[PDB]
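Participant: Here is the sequence, then the experimental structure:
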Amino acid sequence: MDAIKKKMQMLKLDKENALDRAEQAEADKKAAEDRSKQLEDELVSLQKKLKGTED
Amino acid sequence: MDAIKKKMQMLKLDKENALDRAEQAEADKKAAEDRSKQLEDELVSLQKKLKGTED
Amino acid sequence: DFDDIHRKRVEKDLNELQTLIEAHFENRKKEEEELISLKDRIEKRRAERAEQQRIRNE
């Protein structure tokens, strides 16, 4: 009819916005966790270098 | 009718799924970010003690 | 954000659309009432034509 189509369009705009936000948040999590794990690896290498210096 | 109900329910389900997924991702992002901050703070002190050891 | 204004926009879109939906609902409903009254006076016409035709035939 008439109002039904508009209501469907609203329900679809919510769909697109929610899905896009979810995808963006997932990409953010991937990037942040990669950052953290690379920092942890750098910390490990520093520990090993400290061990060599102690030797 | 029949089509309106199923389509509307499926679209609302899609919106809710995307929202909850985004919230989970952002929570993990915040936790990883704070842990990364902890890693930075500990790494600086590790570098300082390494520098003293080298001196 | 842009998502906020987009949400408000699709929101007012849904509002105006459901408004016009109920509106044409009411309009076509009035038209159906008029058509029902038309059918009723039509059956009145059928009955009156039947009785006068039957009188003529008698």
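Facilitator: Yes, it's here. Numbering: from 1, shown residues only, chains lettered A, B, ... in the order given.

Participant: What strand or helix carries the closest residue to residue A:1 other than its chain neighbours?
Facilitator: Using C-beta to C-beta, 6 or more residues apart in numbering or on different chains and skipping residues adjacent in sequence, the residue nearest residue A:1 is residue C:21, 5.9 Å away. The C-beta positions use only the backbone N, C-alpha and C, and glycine is treated the same way. For residue C:21, the element it lies in under DSSP states H and E is helix C:2-57.

Participant: who does that helix touch, helix- and strand-wise?
Facilitator: Here helix C:2-57 touches helix A:3-54, going by 3 or more C-beta pairs under 8 Å, 6 or more residues apart in numbering or on different chains; DSSP states H and E.

Participant: distance between the helix it packs on and the chain's centre?
Facilitator: Helix A:3-54 sits 1 Å away from the centroid of its parent chain (C-alpha atoms, centre = their mean, to the nearest Å).

Participant: Does it reach chain C?
Facilitator: Yes: under the criterion of C-beta under 8 Å from any C-beta of the partner chain, helix A:3-54 makes contact with chain C via A:3-7, A:9-11, A:13-14, A:17, A:21.

Participant: residue contacts, the residue nearest to residue A:1?
Facilitator: Contacts of residue C:21 were listed using C-beta atoms under 8 Å, 6 or more residues apart in numbering or on different chains, and they are A:1-4, A:6-7.

Participant: run the last query once more with 6 Å
Facilitator: Under the criterion of C-beta atoms under 6 Å, 6 or more residues apart in numbering or on different chains, the contact partners of residue C:21 comprise A:1-3.

Participant: between those, which is nearest chain B?
Facilitator: Minimum separation from chain B among the contacts of residue C:21 (C-beta to the nearest C-beta) is found for residue A:1, which lies at 10.0 Å.
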